[PDB]
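Here's the structure we're looking at; comments come further down.
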Amino acid sequence: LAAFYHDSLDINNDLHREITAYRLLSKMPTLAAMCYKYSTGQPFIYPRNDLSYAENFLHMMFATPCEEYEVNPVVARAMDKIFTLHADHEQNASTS
Amino acid sequence: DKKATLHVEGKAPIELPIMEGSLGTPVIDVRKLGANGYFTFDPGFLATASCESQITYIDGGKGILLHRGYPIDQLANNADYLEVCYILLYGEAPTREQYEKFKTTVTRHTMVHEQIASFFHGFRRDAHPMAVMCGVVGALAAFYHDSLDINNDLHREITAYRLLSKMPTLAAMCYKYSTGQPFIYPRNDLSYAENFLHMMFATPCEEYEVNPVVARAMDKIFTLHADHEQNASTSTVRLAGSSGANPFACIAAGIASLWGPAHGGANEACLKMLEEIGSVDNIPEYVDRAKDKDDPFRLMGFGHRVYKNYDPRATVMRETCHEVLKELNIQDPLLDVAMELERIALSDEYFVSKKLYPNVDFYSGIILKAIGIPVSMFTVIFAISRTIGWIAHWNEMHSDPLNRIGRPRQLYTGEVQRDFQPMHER
Amino acid sequence: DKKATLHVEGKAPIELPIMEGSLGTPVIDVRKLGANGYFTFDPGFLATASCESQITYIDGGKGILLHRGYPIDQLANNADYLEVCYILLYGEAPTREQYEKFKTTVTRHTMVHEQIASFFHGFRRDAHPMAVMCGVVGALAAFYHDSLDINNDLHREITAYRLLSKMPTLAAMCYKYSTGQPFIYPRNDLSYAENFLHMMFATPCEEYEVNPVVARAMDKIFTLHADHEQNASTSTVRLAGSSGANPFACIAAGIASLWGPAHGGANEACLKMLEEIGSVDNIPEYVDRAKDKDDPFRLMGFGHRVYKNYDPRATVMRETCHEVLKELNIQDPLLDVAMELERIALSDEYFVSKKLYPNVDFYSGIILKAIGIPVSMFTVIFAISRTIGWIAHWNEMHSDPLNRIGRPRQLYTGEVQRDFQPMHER
Numbered sequence: 103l104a105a106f107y108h109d110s111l112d113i114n115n116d117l118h119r120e121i122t123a124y125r126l127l128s129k130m131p132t133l134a135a136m137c138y139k140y141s142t143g144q145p146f147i148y149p150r151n152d153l154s155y156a157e158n159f160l161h162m163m164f165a166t167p168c169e170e171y172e173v174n175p176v177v178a179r180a181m182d183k184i185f186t187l188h189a190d191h192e193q194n195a196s197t198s
Numbered sequence: 004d005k006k007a008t009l010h011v012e013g014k015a016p017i018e019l020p021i022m023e024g025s026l027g028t029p030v031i032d033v034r035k036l037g038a039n040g041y042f043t044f045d046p047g048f049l050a051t052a053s054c055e056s057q058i059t060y061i062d063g064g065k066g067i068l069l070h071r072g073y074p075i076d077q078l079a080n081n082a083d084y085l086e087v088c089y090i091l092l093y094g095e096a097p098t099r100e101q102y103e104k105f106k107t108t109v110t111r112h113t114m115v116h117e118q119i120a121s122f123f124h125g126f127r128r129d130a131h132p133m134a135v136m137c138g139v140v141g142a143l144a145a146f147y148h149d150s151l152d153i154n155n156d157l158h159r160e161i162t163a164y165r166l167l168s169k170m171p172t173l174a175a176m177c178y179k180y181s182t183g184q185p186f187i188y189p190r191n192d193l194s195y196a197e198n199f200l201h202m203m204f205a206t207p208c209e210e211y212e213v214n215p216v217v218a219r220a221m222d223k224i225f226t227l228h229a230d231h232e233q234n235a236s237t238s239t240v241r242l243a244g245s246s247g248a249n250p251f252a253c254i255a256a257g258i259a260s261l262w263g264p265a266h267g268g269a270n271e272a273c274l275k276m277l278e279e280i281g282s283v284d285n286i287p288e289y290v291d292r293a294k295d296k297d298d299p300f301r302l303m304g305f306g307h308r309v310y311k312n313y314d315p316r317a318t319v320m321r322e323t324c325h326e327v328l329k330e331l332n333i334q335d336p337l338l339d340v341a342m343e344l345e346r347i348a349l350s351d352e353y354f355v356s357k358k359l360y361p362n363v364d365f366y367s368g369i370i371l372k373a374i375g376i377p378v379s380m381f382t383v384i385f386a387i388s389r390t391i392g393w394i395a396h397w398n399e400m401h402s403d404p405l406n407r408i409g410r411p412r413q414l415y416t417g418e419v420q421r422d423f424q425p426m427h428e429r
Numbered sequence: 004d005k006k007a008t009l010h011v012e013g014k015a016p017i018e019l020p021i022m023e024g025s026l027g028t029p030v031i032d033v034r035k036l037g038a039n040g041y042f043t044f045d046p047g048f049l050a051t052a053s054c055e056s057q058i059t060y061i062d063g064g065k066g067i068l069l070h071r072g073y074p075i076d077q078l079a080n081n082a083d084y085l086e087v088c089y090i091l092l093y094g095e096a097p098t099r100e101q102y103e104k105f106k107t108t109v110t111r112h113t114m115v116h117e118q119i120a121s122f123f124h125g126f127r128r129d130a131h132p133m134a135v136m137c138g139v140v141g142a143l144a145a146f147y148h149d150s151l152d153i154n155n156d157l158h159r160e161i162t163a164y165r166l167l168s169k170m171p172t173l174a175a176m177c178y179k180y181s182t183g184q185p186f187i188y189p190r191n192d193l194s195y196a197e198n199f200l201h202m203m204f205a206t207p208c209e210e211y212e213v214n215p216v217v218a219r220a221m222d223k224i225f226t227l228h229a230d231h232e233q234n235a236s237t238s239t240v241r242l243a244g245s246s247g248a249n250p251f252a253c254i255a256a257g258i259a260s261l262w263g264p265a266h267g268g269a270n271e272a273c274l275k276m277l278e279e280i281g282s283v284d285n286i287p288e289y290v291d292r293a294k295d296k297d298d299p300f301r302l303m304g305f306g307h308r309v310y311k312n313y314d315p316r317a318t319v320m321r322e323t324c325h326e327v328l329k330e331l332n333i334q335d336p337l338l339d340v341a342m343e344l345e346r347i348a349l350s351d352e353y354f355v356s357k358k359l360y361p362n363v364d365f366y367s368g369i370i371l372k373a374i375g376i377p378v379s380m381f382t383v384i385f386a387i388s389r390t391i392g393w394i395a396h397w398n399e400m401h402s403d404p405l406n407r408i409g410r411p412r413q414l415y416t417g418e419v420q421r422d423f424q425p426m427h428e429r
């Protein structure tokens with residue numbers, strides 16, 4: 103990603119910084135599910151706009167081209183909660 | 004407890020155990036012949052039983068074909084192919100629950116790993132499909148070799164599911180590859196034969212709907228070619244497996260064998276004979292060129308080397324063929340030719356008398372061509388069907404107490420010992 | 004013109020022709036046994052001669068190995084491998100001119116098409132080399148299938164040159180592929196064995212100079228494994244070829260066969276036994292664990308199933324092994340172990356009495372490991388050597404008047420005929 107946007111990207115322009123945050127926020131789950139698909143040798147699954155963010159992650163993770171995958175909403179709820187409870191933690195190794 | 008005795012001239016009688024099976028020809032046990040200073044001579048092994056087996060029984064003269072004791076006609080009129088596969092693997096008809104579980108599992112393995120899907124781009128698109136099929140089955144060997152302990156009978160069970168589930172996926176991939184169309188993923192709401200045809204013919208441009216008469220036909224085809232006792236390719240699979248070789252590499256060897264025109268070309272040779280006649284007009288003349296013993300032209304697809312009177316697979320294939328043609332209502336000169344040859348075989352005395360009935364190859368060629376399967380794919384389909392028999396033989400071989408590495412003999416006809424002299428000295 | 008007679012109990016005597024070769028065991032012709040209502044039973048075909056052949060003669064007890072009548076020791080002490088290959092193909096020692104022409108041709112085919120070089124990227128880099136080797140030989144089949152008429156004996160000659168020239172290129176490619184180093188092109192100023200080692204070990208980072216003692220050793224290794232009469236892999240190549248299969252697919256089947264641990268693992272099993280002993284200290288204790296009949300530990304690489312007294316290949320390999328070790332002057336605990344086992348085998352009565360001499364596998368394992376060839380490549384090297392024997396058998400089979408498709412029999416031990424009832428009715 104760094105390679106790809108480096109030229110368009112002026113870190114002093116606070117508006118480029120806003121776009122950059124949307125980019126990481128939107129793509130991170132797509133890339134995550136891609137790693138999963140890659141490592142197990144299954145095909146990538148495109149995002150579906152009719153899905154919520156957590157729903158959409160699980161779908162990209164577990165769906166196959168072989169049938170309709172239906173995300174169980176208890177699980178989608180759980181995944182949402184997980185994202186939330188790990189969103190931020192003040193200063194710490196990785197944030198620092 | 005009988006015995007045969009073999010006498011030479013001034014040597015003592017040799018005693019050889021006679022063994023009998025549940026059915027068919029008794030055998031003379033020659034395992035110890037070598038110690039008495041002879042081997043047998045048997046080109047093609049036409050008289051040599053390499054093994055005991057419980058899978059498939061054939062008695063040609065009487066028109067018998069059995070899988071685990073079940074007659075093929077009853078199997079084909081009353082079971083789907085996967086059920087027949089169950090039988091070949093486990094030795095008994097499954098319960099409904101065992102069958103449901105068997106279908107679910109088959110379905111789960113139907114997708115092919117992306118790494119194996121990539122391997123197609125190793126071939127040119129015009130490579131012959133059986134070739135591609137060999138390579139691709141060899142890739143499976145690469146892929147599972149490390150996880151795979153052939154002594155663990157549970158790895159062997161998984162391996163059979165893998166070939167059973169993937170073989171049609173790979174087959175349809177070869178087809179798509181060679182015509183430059185995109186691969187089609189399996190669909191779980193489809194039956195095994197349905198799913199094959201869909202992966203073969205669907206496109207991303209519309210919904211493809213598999214006609215159920217055709218899906219029925221394809222199922223019947225799989226079934227009627229599932230297994231055939233010992234024969235070039237099955238023996239190849241056993242012989243290669245007797246060294247402890249990876250099962251997928253053994254299957255690949257079987258496919259290599261099947262691809263030989265003398266094992267896997269009968270379907271085509273039969274279409275080729277129809278094109279050679281060209282028109283209904285030319286029937287009687289070509290009829291007579293078959294009859295001319297000195298005329299290279301013979302009728303391909305009539306009578307049988309083994310099912311001399313009646314092949315019970317032919318009766319089913321005949322009925323399936325007529326359904327397909329009525330349903331697709333094709334108009335083609337070669338069909339008419341084919342259909343007229345059939346009327347003649349079934350009336351004309353010389354055909355009824357010389358036992359020259361339209362055989363299983365005749366009808367399966369017609370069905371395959373009528374459903375839009377190209378000639379280059381005929382043997383690959385044979386391969387898809389037979390794979391389940393290969394693997395069951397392989398398994399049975401592996402579980403045999405009498406299993407050991409093959410080392411056939413020869414009769415030496417070459418040079419006697421002579422001294423070699425270095426090139427500088429000549 | 005003798006005959007054997009086989010008697011049953013109340014049936015008439017059966018008359019079976021006895022055939023004799025130029026050398027070795029006479030054979031009882033059973034081609035017509037079937038018509039009298041029997042087959043033989045012969046697991047492994049240990050007593051069944053599938054064919055006539057002039058290529059290689061073995062008499063184990065007497066320590067004889069002949070290629071077109073030339074004894075292997077004379078061949079190995081006096082010819083290079085390509086000369087031996089010439090002999091296997093054409094049946095006679097070449098003149099100097101025929102040999103020069105033969106070398107030039109071999110050299111011309113040594114490069115592999117870029118399209119075949121690409122096919123490696125189909126595999127993961129850690130795939131087992133024999134696997135890669137199968138696929139890659141299957142790719143050759145794809146590539147030449149259309150140009151290739153197996154009935155044209157001139158296509159068959161070209162095909163043998165192709166396998167002979169490329170097999171070492173592909174072998175070294177598997178090696179480079181699996182270790183992630185770049186491929187090394189053939190060099191025409193090098194000899195065949197020289198050129199193999201160079202393609203195996205050179206890098207773009209400096210001039211690689213092949214040590215000539217090692218190149219000599221590698222040549223000897225090729226030679227001593229060029230051919231071995233009928234056996235799992237060679238029989239596999241014939242059996243698969245009997246259907247008219249593409250020669251490259253037949254070779255691929257042979258490689259599949261060879262890869263089975265019971266055909267191609269002897270070298271390794273022998274290194275594995277050395278690592279298991281670990282130190283000179285542990286010799287006598289492990290010696291005694293071999294002796295314990297109830298102790299799974301046996302000595303791998305001593306004595307022989309076939310060359311019961313003396314393998315004449317072992318004498319040469321012994322001398323080659325000592326040259327290599329003196330030249331490379333390696334210091335390794337496993338070498339010391341190996342060398343001490345050797346001193347013992349050659350003195351200790353129980354070894355000399357039980358005929359447990361250090362065999363051709365013992366020494367070739369040591370040479371291979373000492374020259375930096377990894378274990379994963381041991382069978383691939385066996386495959387490179389043997390390919391020339393495979394192809395000569397294949398050719399001879401194809402030129403046989405008695406050639407026909409194999410269809411071995413079975414003894415049926417399965418279920419008797421039973422009715423099948425549909426699942427809904429159970």
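Residue numbers (the working numbering), protein chains in the order written: chain E, 103 to 198; chain W, 4 to 429; chain L, 4 to 429. Cβ coordinates follow ideal geometry from the N, Cα and C atoms, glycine included.
query = Beta-carbon of E/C168 versus every beta-carbon of chain B: anything under 8 Å?
reply = No chain B is part of this structure, whose protein chains are labelled E, W and L.
ask   = Who does W/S56 pair with in a DSSP beta bridge?
value = The partner list for W/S56 (beta bridge, DSSP) reads L/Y415.
request  = Report all residues from its chain with a CB closer than 6 Å to the CB of W/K179; omit the five preceding and five following residues, and keep chain order.
outcome  = Contacts found: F186.
ask   = Does DSSP classify W/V340 as helix, strand or coil?
value = In this structure, W/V340 counts as helix in the three-state DSSP scheme.
ask   = Taking C-beta to C-beta, are W/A256 and W/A235 nearer than 8 Å?
value = In this structure, W/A235 does not lie closer than 8 Å to W/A256 by Cβ.
query = How would you call W/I61, buried or exposed, if buried means at least 16 neighbouring beta carbons within 10 angstroms?
reply = Result: buried.
ask   = Taking 8 Å as the CB-CB cut-off, is L/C177 touching chain W?
value = Not one chain W Cβ lies under 8 Å of L/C177.
key: Alpha-carbon to alpha-carbon, W/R128 and W/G183   = Linking W/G183 to W/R128 through their CA atoms gives a straight-line distance of about 7 Å.
request  = Please state whether DSSP places W/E18 in a helix, a strand or coil.
outcome  = Judged by DSSP in its simplified three-state form, W/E18 adopts strand.
task = Throw me the rounded Cβ distance for the L/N39 and L/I17 pair, which I believe falls under 8 Å.
result = Contact annotation, L/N39 with L/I17: C-beta distance approximately 5 Å; criterion of less than 8 Å satisfied.
ask   = Whose CA, out of W/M170, W/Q101 and W/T113, lies closest to the CA of W/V135?
value = Per the C-alpha coordinates, the member of W/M170, W/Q101 and W/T113 positioned closest to W/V135 is W/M170.
key: Alpha-carbon spacing of W/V383 relative to W/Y164, whole angstroms   = If you draw a straight line from the Cα of W/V383 to the Cα of W/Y164, it comes to about 19 Å.
message = Would W/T390 and W/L36 qualify as a contact pair, given that the criterion is a beta-carbon distance under 8 Å?
response = Contact check for W/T390 against W/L36 fails: the beta carbons are separated by 8 Å or more.
task = Specify the secondary structure class of L/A163 as computed by DSSP and reduced to three states.
result = The three-state reading of DSSP puts L/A163 in helix, counting H, G and I together.
key: Below-8 Å beta-carbon distance, L/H131 vs any chain W residue   = Yes, because at least one Cβ of chain W sits closer than 8 Å to the Cβ of L/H131.
request  = Using a Cβ cut-off of 8 Å (strictly closer), state whether W/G40 contacts chain L.
outcome  = So yes, W/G40 belongs to the interface.
ask   = Taking buried to mean at least 16 other C-beta atoms within 10 Å of its own C-beta, is L/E271 buried or exposed?
value = That one is buried.
request  = Could you spell out the range, first to last residue, of the alpha helix (DSSP H) harbouring W/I67?
outcome  = Residue range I67 to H70 is occupied by the beta strand (DSSP E) that includes W/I67, with no alpha helix (DSSP H) assigned at that position.
ask   = Among residues of its own chain, excluding the 5 on either side of L/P336, which ones have a beta-carbon nearer than 8 Å to its beta-carbon?
value = Cβ within range, chain order: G281, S282 and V283.
key: Pairwise C-alpha distance: W/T51 and L/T416   = Their backbone Cα atoms lie some 16 Å apart in a straight line.
Residues within the stretch 105-117 of chain W neighbouring chain E, beta-carbon criterion of under 7 Å = For the stretch 105-117 of chain W, residues whose beta-carbon sits nearer than 7 Å to a beta-carbon of chain E comprise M114, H116 and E117.
Which of helix, strand or coil DSSP assigns to W/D222 = For W/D222, the secondary structure class from DSSP, reduced to helix, strand or coil, is helix.
inquiry  = Since W/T323 and W/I370 should fall inside the 8 Å C-beta cutoff, what is the C-beta to C-beta distance between them, to a whole number of angstroms?
reply    = A Cβ-Cβ distance of about 6 Å is found for the pair W/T323 and W/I370, placing them in contact under the 8 Å criterion.
task = Spatial neighbours of L/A218 within its chain, please: CB distance less than 8 Å, with the 5 preceding and 5 following residues excluded, ordered by chain position.
result = Cβ within range, chain order: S194, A196, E197 and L200.
message = Can you confirm whether L/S245, when its beta carbon is compared against all beta carbons of chain W, has any partner nearer than 8 Å?
response = When Cβ-Cβ separations below 8 Å define contact, L/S245 makes contact with chain W.
request  = List the residues of chain W whose Cβ lies closer than 9 Å to the Cβ of E/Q144, in chain order.
outcome  = Going along chain W in sequence order, the residues near E/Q144 (Cβ under 9 Å) are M114, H116 and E117.
request  = Establish whether the CB of L/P29 and some CB of chain W are separated by less than 8 Å.
outcome  = Output row for L/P29: interface = yes.
task = Taking L/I58 as the query, report the chain W residues whose CB atoms sit under 7 Å from its CB, ordered along the chain.
result = Per Cβ cutoff of 7 Å: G417.
query = Going along the chain, which unbroken runs of the alpha helix (DSSP H) with 4 or more residues stay wholly within the stretch 117-151 of chain W?
reply = The stretch 117-151 of chain W contains these whole alpha helix (DSSP H) runs: 117-121 and 132-147.
request  = Could you tell me whether the Cβ of W/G392 comes closer than 8 Å to any Cβ of chain L?
outcome  = For W/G392, no Cβ of chain L is located within less than 8 Å of the residue's own Cβ.
Coarse secondary structure for W/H158, derived from DSSP in three states = In this structure, W/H158 counts as helix in the three-state DSSP scheme.
task = Please go through the same chain and pick out, in chain order, the residues whose beta-carbon is closer than 6 Å to the beta-carbon of W/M203, but skip the five residues on each side of it.
result = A175 and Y178.
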